[PDB]
Amino acid sequence: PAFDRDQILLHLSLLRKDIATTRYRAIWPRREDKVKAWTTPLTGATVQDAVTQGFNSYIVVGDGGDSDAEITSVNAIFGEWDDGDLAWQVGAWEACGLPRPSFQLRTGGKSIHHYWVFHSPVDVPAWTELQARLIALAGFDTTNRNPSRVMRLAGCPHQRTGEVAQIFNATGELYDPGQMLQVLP
Ligand SMILES: [Ca+2]
């Protein structure tokens, strides 16, 4: 196998997602090659094919499909800083006044990914407001704001370096969206 299946399933598990309905996106690393992204169900055979061909690996975090209109709920808010010392990125949520992430993800690239997982799926309007407030308070990359946003998948390589994305600092904690709305301005 060209990927770590345990990390893939752990990513889905921590997001309380169902592999049968999870959407995979394979994106070519070099913009100038103008290679079409794959949009397909997440399966081991498809990830195997995309990784060995040279694609980077992503999943749609929200549930329902590939476009914003197809998303009916999202199980987590999440974000990343565009840059900054990596070690600083791991802990910088604390100085922002954010609660501790449910888990974090090392991508192999320039950013740590932070996730806060809710106990129940969140409808798109409520989720959209929480995600926007999270971006504002932390100063995250403002690109990652739409309900069909894809995020780097754990257990697959960052193709530029070969480093395999890894989940770390999982706590098991689940947040409540109403409580989160109070702590996020
Ligand atoms: Ca809790």
Side-chain angles (χ1 to χ4, degrees), residues 4-25 42 57-65 68 70-82 84-109 111-156 164-185:
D4 186 338
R5 75 176 305 268
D6 292 316
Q7 280 283 300
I8 290 185
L9 290 175
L10 177 65
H11 201 165
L12 267 50
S13 195
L14 296 174
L15 289 176
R16 298 174 61 87
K17 285 175 75 70
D18 181 348
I19 189 166
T21 57
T22 294
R23 299 298 296 180
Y24 180 62
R25 194 167 150 105
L42 176 71
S57 298
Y58 303 81
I59 49 170
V60 183
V61 176
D63 285 307
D68 291 341
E70 294 171 280
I71 300 300
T72 53
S73 57
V74 194
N75 292 344
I77 54 177
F78 49 91
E80 59 179 324
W81 281 286
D82 213 359
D85 177 70
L86 261 195
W88 167 84
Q89 289 191 42
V90 172
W93 52 268
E94 192 145 44
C96 296
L98 290 167
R100 181 177 303 275
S102 299
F103 69 99
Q104 300 179 290
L105 189 135
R106 201 128 40 209
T107 65
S111 296
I112 302 297
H113 290 184
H114 316 266
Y115 290 83
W116 293 260
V117 181
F118 300 105
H119 59 67
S120 309
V122 179
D123 288 347
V124 169
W127 179 89
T128 298
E129 176 71 5
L130 287 168
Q131 182 87 335
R133 294 191 187 196
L134 171 71
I135 292 166
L137 169 62
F140 283 151
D141 181 345
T142 70
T143 289
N144 306 318
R145 68 188 323 107
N146 57 305
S148 65
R149 174 55 42 162
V150 302
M151 293 291 279
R152 280 293 178 104
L153 176 63
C156 306
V164 180
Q166 172 88 2
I167 286 172
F168 70 103
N169 284 342
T171 68
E173 297 292 342
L174 297 179
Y175 285 91
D176 173 80
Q179 299 193 295
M180 187 68 83
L181 195 54
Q182 299 196 88
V183 317
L184 298 178

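Counting starts at 1 for both ligands and their atoms, in listed order. Residue numbers count from 1 along this sequence. No hydrogens, no waters, no symmetry mates; every other heavy atom, side chains included, goes into these values.
Surrounding CZ of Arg149 are more than 12 heavy atoms belonging to other residues, nucleotides or ligands, all under 6.0 Å away.
Judged as a ring-ring contact (aromatic ring centres under 6.0 Å, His included), and not counting sequence neighbours, the contacts of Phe140 are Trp81, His114. For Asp176, the side chain to side chain donor-acceptor pair (under 3.5 Å) partners two or more places apart in sequence, or in a different chain, are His119. By the salt bridge (charged side-chain N to carboxylate O under 4.0 Å, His left out) test, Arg16 is found to be paired with no residue, residues two or more places apart in sequence or in another chain being considered.
Atoms of the protein (N, O or S only) found under 3.0 Å from the Ca ion (ligand 1) are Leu174 O.
Listed here is the closest heavy atom pair of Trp127 and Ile77: NE1-CG2, 3.7 Å.
Here the straight-line distance linking atom CG of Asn75 with atom OG of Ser120 works out to 9.0 Å at 0.5 Å rounding.
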